[PDB]
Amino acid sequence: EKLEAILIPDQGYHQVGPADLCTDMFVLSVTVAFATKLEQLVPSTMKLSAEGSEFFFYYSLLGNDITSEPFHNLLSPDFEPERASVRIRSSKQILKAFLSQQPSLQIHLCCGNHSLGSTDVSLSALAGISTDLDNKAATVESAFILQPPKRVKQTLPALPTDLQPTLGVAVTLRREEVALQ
């Protein structure tokens, strides 16, 4: 059968693997830390000037819809670093295998009901380095490039270098009793 993260509603954790064999608590977390060059994802300077310009990040973490704190300053981002975490009851081996099999997390920069761009954050990459979970948290931290949903990207003026929209993300897996530090 397919390894699936099964919400236990009353308890507020997700069971991964058979509940009698997979009984340890883990925390899986996503942190959006900073961003730059986001203005490339908005075609019109005038949209930045409107106050309806309220931007936030969205992603689905094991089937949970997560939105971040809205911010207005797209050209000079001022959102605070923000973490969302889920609790998982599983075993080391089963959870590591489960994460290695998950599709990438897709984090979207949104305005209202529109996605302006998204980036792929590998959970399998995190599983691959989750090799000492009895003793330490495992973290993948990187600057991820946001891609607009359009077919053609136009750049004016075209320069030799290409500073692109970037989102700093950290994804972490740890045993619940192992402090992040």
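Residue numbers run from 1 along the displayed sequence.
When the mean C-alpha temperature factors of 42-50 and 108-116 are read from the deposited coordinates, 42-50 comes out higher. Mean C-alpha B-factor is higher over 6-14 than over the other stretch, the pair under comparison being 154-162 and 6-14. The PDB entry assigns its highest CA temperature factor, among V171, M25, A19, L167, to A19. When the modelled residues of the chain are ordered by their C-alpha B factor, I129 lands in the highest third. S76: CA B factor lies in the middle third for its chain, per the PDB record. For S91, the recorded CA temperature factor ranks within the middle third of the chain's modelled residues.
When the modelled residues of the chain are ordered by their C-alpha B factor, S85 lands in the lowest third.
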